[PDB]
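Input: a single structure, listed below in structure tokens.
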Amino acid sequence: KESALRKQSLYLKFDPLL
Amino acid sequence: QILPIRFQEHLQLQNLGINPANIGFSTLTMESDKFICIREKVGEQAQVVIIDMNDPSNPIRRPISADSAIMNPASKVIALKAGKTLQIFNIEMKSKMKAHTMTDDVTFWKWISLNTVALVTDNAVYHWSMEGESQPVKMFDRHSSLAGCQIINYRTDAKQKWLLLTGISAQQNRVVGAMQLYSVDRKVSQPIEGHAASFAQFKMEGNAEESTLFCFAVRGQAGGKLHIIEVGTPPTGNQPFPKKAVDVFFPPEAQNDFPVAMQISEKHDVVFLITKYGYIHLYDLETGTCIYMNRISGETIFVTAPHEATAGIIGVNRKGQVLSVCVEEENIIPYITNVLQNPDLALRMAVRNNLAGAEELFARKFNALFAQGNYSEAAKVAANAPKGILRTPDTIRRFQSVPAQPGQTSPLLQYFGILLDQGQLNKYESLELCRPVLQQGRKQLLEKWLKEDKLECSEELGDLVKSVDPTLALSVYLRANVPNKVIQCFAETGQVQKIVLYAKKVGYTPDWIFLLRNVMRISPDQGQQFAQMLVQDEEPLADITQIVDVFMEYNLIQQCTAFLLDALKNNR
């Protein structure tokens with residue numbers, strides 16, 4: 001429930017995305 | 001042998017001092033599976049017995065004079081009628097809650113819900129709330145077709161937008177059922193010939209919202225029939241529900257039998273039907289297919305109620321037996337499959353409600369479609385297994401065994417294509433999916449899949465993708481939770497700042513010095529910056545003495561010096 005919320009913030013900072 | 005029902009005798013009312021004479025429709029009421037209320041007369045004194053079903057052994061005999069007494073479906077609240085004078089009374093608090101005196105006599109009354117009691121006069125139907133100071137509110141006028149009828153029941157759908165009054169009358173040695181279906185929104189009534197009815201909420205296959213179904217049974221002009229129809233305009237983006245009309249079986253010996261009660265189980269989506277002779281009937285709510293039929297009682301079961309816990313039906317017969325019938329969740333699917341021999345219904349039932357025991361059928365349906373060449377539909381079968389029964393590696397192995405055809409390729413490709421549409425692909429499925437994709441210069445598809453987050457990642461995928469594009473592997477490794485392999489990526493590509501930020505966030509502690517030496521080896525300038533990050537207040541990631549002798553190893557005396565002087569200024 002609360003785990004996925006902090007997870008999304010993490011992927012935003014480190015994973016290359018775009 | 002097995003049966004799809006679980007029949008039970010909860011108690012014998014005669015064993016509780018209840019007079020056999022008072023065991024009848026007029027003197028005994030049951031508004032829920034929680035209480036049974038009987039009106040008796042002891043020695044020129046009239047009293048009311050309420051039997052708590054949680055504690056049935058000890059009944060309470062309170063001295064109450066009323067021509068009718070009906071308990072709340074849950075609360076310890078009773079409603080009693082005395083002439084034209086009505087009264088909602090609090091049992092526990094021995095205090096009167098509400099009261100009302102009616103102009104024309106109340107011929108029938110029932111609890112619509114907790115806090116709502118419906119009243120039926122010879123001319124209209126009212127809704128009286130238990131809460132507040134609100135007087136009984138007129139809902140609709142009684143239809144002429146129900147004139148002279150003995151009112152046997154009153155029902156409403158969940159939203160209470162549809163109301164239904166049922167009455168029966170003796171016409172030419174046949175009990176004839178008259179019903180009035182009233183719509184609150186459209187403000188109009190429809191007379192229907194029916195003996196027993198019920199409303200149900202049912203969400204169709206591929207339908208956005210729940211459909212409100214009206215189900216009624218009758219032994220009328222076209223014999224015994226069961227009707228399942230949708231009431232009103234379907235919600236936006238719905239199908240609707242195709243009207244059903246099925247036969248209701250009455251054996252030749254039962255020539256004066258007819259439907260008496262009906263309860264629909266939303267849980268298993270089945271209809272319970274009880275007839276006058278004491279026969280129970282089981283139907284599929286979706287198709288009206290008959291499942292089980294049986295005589296459970298030798299005497300008429302005059303009062304019924306939903307058996308909330310088990311999602312079944314609980315009644316009381318003239319003999320004083322408190323009987324209960326519900327769906328046996330363990331046996332229903334096997335019975336439909338092997339005793340009824342209706343595999344199509346068993347398959348539909350096991351997938352609709354998450355019931356178990358259908359596995360052999362799903363395998364058969366798969367092997368048959370596989371042999372049939374129809375690999376597209378075969379995949380759907382595996383995808384909609386009740387508890388991921390066909391979502392296994394053996395399945396993929398079967399799909400891997402078929403080739404690439406001239407452009408019609410490939411059944412394994414087809415299997416994955418629909419699979420992700422259902423939910424998130426498991427670690428093994430993700431692995432076998434990317435292998436042929438990565439194989440011939442195709443990696444962009446992974447970008448969409450990972451961004452959409454549709455596949456589950458473990459480590460074995462990361463080193464597999466790392467094989468061609470290590471930058472993309474970082475994304476895989478990130479989601480896989482493996483910190484060791486994430487930090488390794490930042491280290492190969494020199495991103496030192498992200499190494500420290502990541503390890504501080506996830507709480508992973510790597511071998512800081514060994515990382516320093518690596519950084520120092522490739523490029524010392526970055527080395528000194530990295531050394532700076534390792535020492536900061538309260539929690540230092542590495543030993544200061546250990547980092548300086550690393551500097552000394554490379555004889556970086558001037559930058560070592562600079563590093564320490566910087567460390568002093570940051571502490572100030």
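Please note that chains go A, B, ... in the order of the structure tokens, that every chain numbers its residues from 1, and that ligands are numbered from 1 in the order shown.
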- request: For range 3-16 of chain A, work out the shell of residues within 12 Å, counting only C-alpha atoms and skipping chain neighbours fewer than 6 positions away, then give it as a VMD selection string.
  value: chain B and resid 447 450 to 451 453 470 to 481 486 to 487 489 to 490 495 497 to 506
File of the preceding selection, N, CA and C atoms, as a compact mmCIF listing (two decimals), in the first residue's frame:
# COMPACT_ATOMS: atom_id res chain seq x y z
N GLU B 447 11.53 -0.67 -23.73
CA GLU B 447 11.29 0.66 -23.17
C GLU B 447 9.82 0.87 -22.80
N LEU B 450 8.80 -1.72 -19.88
CA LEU B 450 9.31 -1.31 -18.58
C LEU B 450 8.68 -0.03 -18.05
N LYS B 451 8.44 0.94 -18.94
CA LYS B 451 7.83 2.20 -18.55
C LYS B 451 6.40 1.93 -18.09
N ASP B 453 5.49 -0.73 -16.85
CA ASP B 453 5.62 -1.61 -15.68
C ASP B 453 4.81 -2.92 -15.73
N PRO B 470 23.78 -1.97 -21.77
CA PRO B 470 23.89 -1.98 -20.30
C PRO B 470 23.14 -0.82 -19.64
N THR B 471 22.89 0.25 -20.40
CA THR B 471 22.15 1.40 -19.90
C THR B 471 20.70 1.01 -19.59
N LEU B 472 20.13 0.18 -20.45
CA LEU B 472 18.76 -0.32 -20.27
C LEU B 472 18.72 -1.34 -19.13
N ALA B 473 19.79 -2.11 -18.99
CA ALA B 473 19.91 -3.09 -17.91
C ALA B 473 19.78 -2.43 -16.54
N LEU B 474 20.26 -1.20 -16.42
CA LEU B 474 20.16 -0.45 -15.18
C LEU B 474 18.70 -0.29 -14.76
N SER B 475 17.84 -0.01 -15.73
CA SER B 475 16.41 0.13 -15.47
C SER B 475 15.81 -1.17 -14.95
N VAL B 476 16.22 -2.28 -15.55
CA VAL B 476 15.78 -3.60 -15.13
C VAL B 476 16.26 -3.91 -13.71
N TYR B 477 17.55 -3.70 -13.49
CA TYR B 477 18.17 -3.93 -12.19
C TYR B 477 17.54 -3.09 -11.08
N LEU B 478 17.16 -1.86 -11.42
CA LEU B 478 16.55 -0.93 -10.47
C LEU B 478 15.26 -1.49 -9.89
N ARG B 479 14.39 -1.95 -10.79
CA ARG B 479 13.10 -2.51 -10.42
C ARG B 479 13.22 -3.90 -9.76
N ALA B 480 14.29 -4.63 -10.10
CA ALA B 480 14.54 -5.96 -9.53
C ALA B 480 14.97 -5.94 -8.07
N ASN B 481 15.28 -4.75 -7.57
CA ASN B 481 15.71 -4.49 -6.18
C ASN B 481 17.17 -4.85 -5.85
N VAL B 486 23.08 -2.64 -9.36
CA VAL B 486 22.75 -1.26 -9.72
C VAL B 486 23.95 -0.36 -9.56
N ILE B 487 24.58 -0.48 -8.40
CA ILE B 487 25.79 0.26 -8.06
C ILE B 487 26.88 -0.12 -9.04
N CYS B 489 26.52 -0.73 -12.12
CA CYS B 489 26.26 -0.01 -13.37
C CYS B 489 26.72 1.44 -13.30
N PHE B 490 26.46 2.07 -12.16
CA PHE B 490 26.87 3.44 -11.95
C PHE B 490 28.38 3.52 -11.93
N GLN B 495 29.37 7.34 -12.92
CA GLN B 495 28.45 8.12 -12.09
C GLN B 495 28.60 7.78 -10.63
N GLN B 497 28.19 10.05 -7.95
CA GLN B 497 27.23 10.75 -7.12
C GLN B 497 25.97 9.90 -6.92
N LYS B 498 25.51 9.26 -7.99
CA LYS B 498 24.35 8.38 -7.94
C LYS B 498 24.62 7.12 -7.12
N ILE B 499 25.88 6.69 -7.07
CA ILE B 499 26.24 5.52 -6.27
C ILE B 499 25.92 5.81 -4.81
N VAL B 500 26.36 6.98 -4.35
CA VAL B 500 26.16 7.40 -2.97
C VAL B 500 24.70 7.69 -2.63
N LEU B 501 23.99 8.33 -3.55
CA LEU B 501 22.59 8.66 -3.32
C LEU B 501 21.72 7.40 -3.25
N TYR B 502 21.97 6.46 -4.15
CA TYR B 502 21.23 5.20 -4.18
C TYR B 502 21.46 4.35 -2.92
N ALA B 503 22.72 4.12 -2.58
CA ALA B 503 23.08 3.32 -1.41
C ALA B 503 22.58 3.91 -0.09
N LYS B 504 22.41 5.22 -0.05
CA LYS B 504 21.89 5.87 1.16
C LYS B 504 20.37 5.71 1.21
N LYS B 505 19.73 5.71 0.05
CA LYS B 505 18.28 5.55 0.01
C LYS B 505 17.81 4.13 0.31
N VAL B 506 18.37 3.15 -0.39
CA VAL B 506 17.98 1.75 -0.19
C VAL B 506 18.63 1.09 1.05
message: I need the residues of chain A that end up classed as helix (DSSP H, G or I) by DSSP on the backbone, written out as a list in words.
response: residues 3, 4, 5, 6, 7, 8, 9, 10, 11, 12, 13 and 14 of chain A
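Relative to CA of residue 281 in chain B, CA of residue 293 in chain B is found at 4.6 Å.
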message: Need to verify the contact set: range 166-170 of chain B, 10 Å, only C-alpha atoms, exclusion of same-chain residues closer than 5 positions in sequence. Can you return it as number ranges by chain?
response: B: 145-155, 175-181, 191-197
Please save N, CA and C atoms of the selected residues as a PDB file, in the first residue's frame.
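What follows is the written file out34.pdb:
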ATOM      1  N   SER B 145     -55.072  -5.886 -10.230  1.00  0.00           N
ATOM      2  CA  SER B 145     -54.802  -7.312 -10.415  1.00  0.00           C
ATOM      3  C   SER B 145     -54.539  -8.028  -9.089  1.00  0.00           C
ATOM      4  N   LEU B 146     -54.058  -7.287  -8.096  1.00  0.00           N
ATOM      5  CA  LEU B 146     -53.767  -7.853  -6.784  1.00  0.00           C
ATOM      6  C   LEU B 146     -54.932  -7.729  -5.804  1.00  0.00           C
ATOM      7  N   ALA B 147     -56.048  -7.172  -6.263  1.00  0.00           N
ATOM      8  CA  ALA B 147     -57.227  -7.030  -5.418  1.00  0.00           C
ATOM      9  C   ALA B 147     -57.804  -8.392  -5.033  1.00  0.00           C
ATOM     10  N   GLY B 148     -58.039  -8.580  -3.736  1.00  0.00           N
ATOM     11  CA  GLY B 148     -58.574  -9.828  -3.218  1.00  0.00           C
ATOM     12  C   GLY B 148     -57.525 -10.883  -2.918  1.00  0.00           C
ATOM     13  N   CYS B 149     -56.280 -10.589  -3.274  1.00  0.00           N
ATOM     14  CA  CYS B 149     -55.164 -11.510  -3.058  1.00  0.00           C
ATOM     15  C   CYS B 149     -54.642 -11.505  -1.625  1.00  0.00           C
ATOM     16  N   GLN B 150     -54.112 -12.647  -1.191  1.00  0.00           N
ATOM     17  CA  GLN B 150     -53.425 -12.728   0.089  1.00  0.00           C
ATOM     18  C   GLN B 150     -51.979 -12.354  -0.179  1.00  0.00           C
ATOM     19  N   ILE B 151     -51.543 -11.233   0.383  1.00  0.00           N
ATOM     20  CA  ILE B 151     -50.184 -10.764   0.153  1.00  0.00           C
ATOM     21  C   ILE B 151     -49.195 -11.663   0.863  1.00  0.00           C
ATOM     22  N   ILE B 152     -48.263 -12.226   0.107  1.00  0.00           N
ATOM     23  CA  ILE B 152     -47.322 -13.181   0.679  1.00  0.00           C
ATOM     24  C   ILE B 152     -45.916 -12.619   0.838  1.00  0.00           C
ATOM     25  N   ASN B 153     -45.565 -11.624   0.029  1.00  0.00           N
ATOM     26  CA  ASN B 153     -44.244 -11.013   0.132  1.00  0.00           C
ATOM     27  C   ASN B 153     -44.118  -9.633  -0.518  1.00  0.00           C
ATOM     28  N   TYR B 154     -43.078  -8.904  -0.109  1.00  0.00           N
ATOM     29  CA  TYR B 154     -42.718  -7.609  -0.683  1.00  0.00           C
ATOM     30  C   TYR B 154     -41.198  -7.449  -0.756  1.00  0.00           C
ATOM     31  N   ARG B 155     -40.688  -7.192  -1.959  1.00  0.00           N
ATOM     32  CA  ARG B 155     -39.248  -7.107  -2.198  1.00  0.00           C
ATOM     33  C   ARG B 155     -38.827  -5.850  -2.964  1.00  0.00           C
ATOM     34  N   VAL B 175     -53.560 -22.258  -7.192  1.00  0.00           N
ATOM     35  CA  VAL B 175     -53.108 -21.064  -6.505  1.00  0.00           C
ATOM     36  C   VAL B 175     -52.473 -20.166  -7.546  1.00  0.00           C
ATOM     37  N   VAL B 176     -53.062 -18.997  -7.756  1.00  0.00           N
ATOM     38  CA  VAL B 176     -52.598 -18.100  -8.806  1.00  0.00           C
ATOM     39  C   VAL B 176     -51.830 -16.910  -8.255  1.00  0.00           C
ATOM     40  N   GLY B 177     -50.617 -16.728  -8.764  1.00  0.00           N
ATOM     41  CA  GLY B 177     -49.743 -15.658  -8.319  1.00  0.00           C
ATOM     42  C   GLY B 177     -49.877 -14.346  -9.063  1.00  0.00           C
ATOM     43  N   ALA B 178     -50.081 -13.274  -8.306  1.00  0.00           N
ATOM     44  CA  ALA B 178     -50.189 -11.941  -8.878  1.00  0.00           C
ATOM     45  C   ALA B 178     -49.077 -11.050  -8.338  1.00  0.00           C
ATOM     46  N   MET B 179     -48.313 -10.429  -9.232  1.00  0.00           N
ATOM     47  CA  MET B 179     -47.247  -9.532  -8.806  1.00  0.00           C
ATOM     48  C   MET B 179     -47.382  -8.151  -9.436  1.00  0.00           C
ATOM     49  N   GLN B 180     -46.871  -7.147  -8.733  1.00  0.00           N
ATOM     50  CA  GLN B 180     -46.855  -5.780  -9.238  1.00  0.00           C
ATOM     51  C   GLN B 180     -45.434  -5.243  -9.181  1.00  0.00           C
ATOM     52  N   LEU B 181     -44.825  -5.041 -10.343  1.00  0.00           N
ATOM     53  CA  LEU B 181     -43.473  -4.501 -10.387  1.00  0.00           C
ATOM     54  C   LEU B 181     -43.515  -2.998 -10.627  1.00  0.00           C
ATOM     55  N   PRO B 191     -48.145  -5.405 -14.058  1.00  0.00           N
ATOM     56  CA  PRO B 191     -48.665  -6.627 -13.436  1.00  0.00           C
ATOM     57  C   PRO B 191     -48.042  -7.875 -14.049  1.00  0.00           C
ATOM     58  N   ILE B 192     -47.578  -8.784 -13.200  1.00  0.00           N
ATOM     59  CA  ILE B 192     -46.898  -9.992 -13.656  1.00  0.00           C
ATOM     60  C   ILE B 192     -47.452 -11.233 -12.961  1.00  0.00           C
ATOM     61  N   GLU B 193     -47.671 -12.316 -13.701  1.00  0.00           N
ATOM     62  CA  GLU B 193     -48.084 -13.555 -13.055  1.00  0.00           C
ATOM     63  C   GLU B 193     -46.845 -14.289 -12.555  1.00  0.00           C
ATOM     64  N   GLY B 194     -46.651 -14.277 -11.241  1.00  0.00           N
ATOM     65  CA  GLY B 194     -45.499 -14.907 -10.626  1.00  0.00           C
ATOM     66  C   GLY B 194     -45.805 -15.394  -9.224  1.00  0.00           C
ATOM     67  N   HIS B 195     -45.151 -16.482  -8.831  1.00  0.00           N
ATOM     68  CA  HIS B 195     -45.346 -17.067  -7.507  1.00  0.00           C
ATOM     69  C   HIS B 195     -44.255 -16.667  -6.522  1.00  0.00           C
ATOM     70  N   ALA B 196     -43.014 -16.628  -6.992  1.00  0.00           N
ATOM     71  CA  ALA B 196     -41.887 -16.273  -6.138  1.00  0.00           C
ATOM     72  C   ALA B 196     -40.872 -15.475  -6.937  1.00  0.00           C
ATOM     73  N   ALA B 197     -40.303 -14.443  -6.326  1.00  0.00           N
ATOM     74  CA  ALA B 197     -39.368 -13.589  -7.045  1.00  0.00           C
ATOM     75  C   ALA B 197     -38.244 -13.046  -6.176  1.00  0.00           C
TER      76      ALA B 197
END
task: Do a neighbour search on residue 322 in chain B at 9 Å with only C-alpha atoms, toss out local chain neighbours closer than 2 positions, and write the hits as a PyMOL selection string.
output: chain B and resi 8-13+314-317+319-320+324
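Pairwise distance (CA of residue 513 in chain B, CA of residue 551 in chain B) equals 10.8 Å.
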message: Considering only C-alpha atoms, can you say which of B:444, B:107, B:556, B:266 comes closest to chain A?
response: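 Of the candidates, the smallest distance to chain A is held by B:444.
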field: CA of residue 463 in chain B to CA of residue 441 in chain B, distance in Å rounded to a single decimal
entry: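 Interatomic distance, CA of residue 463 in chain B to CA of residue 441 in chain B: 16.6 Å.
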- request: Enumerate as a PyMOL selection string all residues of range 203-357 of chain B assigned to strand (DSSP E or B) by DSSP on the backbone, naming them with the chain letters and numbers the document uses.
  value: chain B and resi 211-220+223-230+244-247+259-265+270-275+279-284+290-295+303-307+312-316+321-327
Restrict the selected residues to C-alpha atoms and save them as a PDB file, in the first residue's frame.
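Done, and the output landed in again12.pdb:
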ATOM      1  CA  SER B 211     -26.711  -5.219 -14.057  1.00  0.00           C
ATOM      2  CA  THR B 212     -29.844  -5.267 -11.911  1.00  0.00           C
ATOM      3  CA  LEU B 213     -31.729  -8.488 -12.567  1.00  0.00           C
ATOM      4  CA  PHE B 214     -35.340  -9.352 -11.759  1.00  0.00           C
ATOM      5  CA  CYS B 215     -35.866 -13.083 -11.323  1.00  0.00           C
ATOM      6  CA  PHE B 216     -39.252 -14.710 -10.805  1.00  0.00           C
ATOM      7  CA  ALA B 217     -40.685 -18.211 -10.828  1.00  0.00           C
ATOM      8  CA  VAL B 218     -44.243 -19.285 -11.499  1.00  0.00           C
ATOM      9  CA  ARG B 219     -46.422 -22.274 -12.240  1.00  0.00           C
ATOM     10  CA  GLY B 220     -48.847 -20.416 -14.461  1.00  0.00           C
ATOM     11  CA  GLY B 223     -46.638 -24.250 -16.684  1.00  0.00           C
ATOM     12  CA  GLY B 224     -43.609 -23.922 -14.435  1.00  0.00           C
ATOM     13  CA  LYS B 225     -41.299 -21.217 -15.708  1.00  0.00           C
ATOM     14  CA  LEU B 226     -38.283 -19.309 -14.392  1.00  0.00           C
ATOM     15  CA  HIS B 227     -37.591 -15.863 -15.769  1.00  0.00           C
ATOM     16  CA  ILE B 228     -34.372 -13.870 -15.514  1.00  0.00           C
ATOM     17  CA  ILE B 229     -34.678 -10.366 -16.936  1.00  0.00           C
ATOM     18  CA  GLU B 230     -32.793  -7.077 -16.626  1.00  0.00           C
ATOM     19  CA  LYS B 244     -33.986 -15.813 -19.937  1.00  0.00           C
ATOM     20  CA  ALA B 245     -36.971 -18.140 -19.700  1.00  0.00           C
ATOM     21  CA  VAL B 246     -36.475 -21.678 -18.413  1.00  0.00           C
ATOM     22  CA  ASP B 247     -38.714 -24.560 -17.328  1.00  0.00           C
ATOM     23  CA  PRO B 259     -42.998 -21.874  -6.133  1.00  0.00           C
ATOM     24  CA  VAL B 260     -43.222 -20.503  -2.587  1.00  0.00           C
ATOM     25  CA  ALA B 261     -39.864 -18.824  -1.904  1.00  0.00           C
ATOM     26  CA  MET B 262     -36.769 -17.593  -3.760  1.00  0.00           C
ATOM     27  CA  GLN B 263     -33.354 -16.363  -2.583  1.00  0.00           C
ATOM     28  CA  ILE B 264     -30.480 -15.469  -4.914  1.00  0.00           C
ATOM     29  CA  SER B 265     -26.878 -15.926  -3.806  1.00  0.00           C
ATOM     30  CA  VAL B 270     -27.209 -19.071  -8.117  1.00  0.00           C
ATOM     31  CA  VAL B 271     -30.957 -19.043  -7.484  1.00  0.00           C
ATOM     32  CA  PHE B 272     -32.561 -20.955  -4.623  1.00  0.00           C
ATOM     33  CA  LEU B 273     -36.158 -21.999  -5.212  1.00  0.00           C
ATOM     34  CA  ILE B 274     -38.423 -23.606  -2.630  1.00  0.00           C
ATOM     35  CA  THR B 275     -41.832 -25.015  -3.534  1.00  0.00           C
ATOM     36  CA  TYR B 279     -38.748 -29.281  -2.859  1.00  0.00           C
ATOM     37  CA  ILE B 280     -35.605 -27.194  -3.300  1.00  0.00           C
ATOM     38  CA  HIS B 281     -34.337 -26.044  -6.706  1.00  0.00           C
ATOM     39  CA  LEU B 282     -30.933 -24.690  -7.750  1.00  0.00           C
ATOM     40  CA  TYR B 283     -30.410 -22.556 -10.843  1.00  0.00           C
ATOM     41  CA  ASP B 284     -27.590 -20.690 -12.524  1.00  0.00           C
ATOM     42  CA  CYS B 290     -30.948 -26.227 -13.420  1.00  0.00           C
ATOM     43  CA  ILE B 291     -28.277 -27.657 -11.161  1.00  0.00           C
ATOM     44  CA  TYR B 292     -29.929 -29.496  -8.274  1.00  0.00           C
ATOM     45  CA  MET B 293     -33.457 -30.517  -7.373  1.00  0.00           C
ATOM     46  CA  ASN B 294     -34.579 -32.281  -4.246  1.00  0.00           C
ATOM     47  CA  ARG B 295     -37.230 -32.617  -1.567  1.00  0.00           C
ATOM     48  CA  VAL B 303     -41.006 -18.571   6.263  1.00  0.00           C
ATOM     49  CA  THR B 304     -37.626 -18.030   4.612  1.00  0.00           C
ATOM     50  CA  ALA B 305     -34.691 -15.649   4.922  1.00  0.00           C
ATOM     51  CA  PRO B 306     -31.189 -15.291   3.512  1.00  0.00           C
ATOM     52  CA  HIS B 307     -28.569 -17.298   5.371  1.00  0.00           C
ATOM     53  CA  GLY B 312     -27.702 -19.507   1.283  1.00  0.00           C
ATOM     54  CA  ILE B 313     -31.313 -19.853   2.393  1.00  0.00           C
ATOM     55  CA  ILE B 314     -32.721 -20.543   5.867  1.00  0.00           C
ATOM     56  CA  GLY B 315     -36.348 -21.435   6.502  1.00  0.00           C
ATOM     57  CA  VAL B 316     -38.800 -22.898   9.012  1.00  0.00           C
ATOM     58  CA  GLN B 321     -37.682 -27.760  11.842  1.00  0.00           C
ATOM     59  CA  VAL B 322     -35.344 -24.848  11.186  1.00  0.00           C
ATOM     60  CA  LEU B 323     -33.744 -25.953   7.933  1.00  0.00           C
ATOM     61  CA  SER B 324     -30.793 -24.466   6.055  1.00  0.00           C
ATOM     62  CA  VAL B 325     -29.544 -25.008   2.508  1.00  0.00           C
ATOM     63  CA  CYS B 326     -26.459 -23.418   0.949  1.00  0.00           C
ATOM     64  CA  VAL B 327     -23.877 -23.959  -1.786  1.00  0.00           C
TER      65      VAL B 327
END
message: With only C-alpha atoms as the counted atoms, please give the residues lying no more than 10 Å from residue 469 in chain B, apart from itself and same-chain residues fewer than 6 positions off, as a list in words.
response: residues 438, 443, 462 and 463 of chain B
message: Using only C-alpha atoms, which protein or nucleic acid residues come within 12 Å of residue 520 in chain B? Drop anything in the same chain fewer than 2 positions from it, and give the result as a PyMOL selection string.
response: chain B and resi 491+494+496+513-518+522-531+547-548+550-556+559-560
Using the selection just defined, write its residues with N, CA and C atoms as a tab-separated table (two decimals), in the first residue's frame.
chain	number	residue	atom	x	y	z
B	491	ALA	N	29.01	2.47	-11.42
B	491	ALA	CA	30.46	2.42	-11.31
B	491	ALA	C	31.13	2.24	-12.67
B	494	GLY	N	31.02	5.50	-14.42
B	494	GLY	CA	31.58	6.60	-13.65
B	494	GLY	C	30.69	7.47	-12.78
B	496	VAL	N	29.38	8.61	-9.94
B	496	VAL	CA	29.76	8.36	-8.56
B	496	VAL	C	28.75	8.91	-7.58
B	513	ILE	N	35.75	1.44	0.00
B	513	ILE	CA	37.17	1.56	-0.35
B	513	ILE	C	37.50	0.92	-1.69
B	514	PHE	N	37.00	-0.30	-1.91
B	514	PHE	CA	37.23	-1.00	-3.17
B	514	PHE	C	36.68	-0.21	-4.35
B	515	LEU	N	35.57	0.49	-4.12
B	515	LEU	CA	34.98	1.36	-5.13
B	515	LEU	C	35.87	2.57	-5.36
B	516	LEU	N	36.43	3.09	-4.27
B	516	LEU	CA	37.36	4.23	-4.31
B	516	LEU	C	38.57	3.89	-5.16
B	517	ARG	N	39.20	2.76	-4.88
B	517	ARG	CA	40.37	2.31	-5.61
B	517	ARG	C	40.06	2.20	-7.10
B	518	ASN	N	38.88	1.68	-7.42
B	518	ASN	CA	38.49	1.56	-8.82
B	518	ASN	C	38.38	2.92	-9.45
B	522	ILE	N	40.90	4.46	-12.66
B	522	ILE	CA	40.46	4.99	-13.94
B	522	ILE	C	40.73	6.50	-14.02
B	523	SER	N	40.26	7.25	-13.01
B	523	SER	CA	40.40	8.71	-13.00
B	523	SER	C	40.35	9.27	-11.57
B	524	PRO	N	41.51	9.71	-11.05
B	524	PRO	CA	41.75	10.24	-9.71
B	524	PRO	C	40.97	11.52	-9.39
B	525	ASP	N	40.74	12.36	-10.39
B	525	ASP	CA	40.02	13.61	-10.21
B	525	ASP	C	38.64	13.31	-9.65
B	526	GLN	N	38.02	12.28	-10.22
B	526	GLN	CA	36.72	11.85	-9.76
B	526	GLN	C	36.91	11.20	-8.39
B	527	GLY	N	38.06	10.56	-8.22
B	527	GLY	CA	38.43	9.90	-6.97
B	527	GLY	C	38.33	10.81	-5.76
B	528	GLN	N	38.91	12.00	-5.88
B	528	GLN	CA	38.89	12.97	-4.79
B	528	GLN	C	37.48	13.44	-4.46
B	529	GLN	N	36.66	13.65	-5.48
B	529	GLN	CA	35.28	14.06	-5.28
B	529	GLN	C	34.54	12.97	-4.52
B	530	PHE	N	34.76	11.74	-4.95
B	530	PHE	CA	34.16	10.57	-4.32
B	530	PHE	C	34.58	10.45	-2.86
B	531	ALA	N	35.85	10.70	-2.59
B	531	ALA	CA	36.37	10.68	-1.23
B	531	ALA	C	35.63	11.68	-0.35
B	547	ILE	N	40.72	5.91	3.67
B	547	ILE	CA	40.71	6.56	2.37
B	547	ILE	C	42.01	7.31	2.09
B	548	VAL	N	42.62	7.91	3.11
B	548	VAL	CA	43.86	8.64	2.87
B	548	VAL	C	45.02	7.72	2.48
B	550	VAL	N	44.69	5.19	0.75
B	550	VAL	CA	44.41	4.85	-0.65
B	550	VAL	C	45.00	5.94	-1.54
B	551	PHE	N	44.87	7.19	-1.09
B	551	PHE	CA	45.46	8.33	-1.79
B	551	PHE	C	46.97	8.15	-1.88
B	552	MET	N	47.56	7.75	-0.76
B	552	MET	CA	49.00	7.56	-0.63
B	552	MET	C	49.54	6.48	-1.56
B	553	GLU	N	48.73	5.46	-1.81
B	553	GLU	CA	49.11	4.36	-2.68
B	553	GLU	C	49.39	4.88	-4.09
B	554	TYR	N	48.56	5.81	-4.55
B	554	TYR	CA	48.76	6.44	-5.84
B	554	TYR	C	49.67	7.68	-5.74
B	555	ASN	N	50.13	7.99	-4.52
B	555	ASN	CA	50.96	9.18	-4.29
B	555	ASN	C	50.29	10.45	-4.77
B	556	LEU	N	49.03	10.58	-4.37
B	556	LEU	CA	48.25	11.76	-4.68
B	556	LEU	C	48.27	12.65	-3.46
B	559	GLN	N	46.48	16.25	-3.88
B	559	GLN	CA	45.02	16.13	-3.84
B	559	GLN	C	44.55	15.52	-2.50
B	560	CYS	N	45.37	14.66	-1.89
B	560	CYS	CA	45.04	14.12	-0.57
B	560	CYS	C	44.94	15.28	0.40
message: Between B:446, B:53, B:139, B:464, which residue has the minimum interatomic distance to chain A, considering only C-alpha atoms?
response: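 Answer, going by the shortest atom-to-atom distance: B:446.
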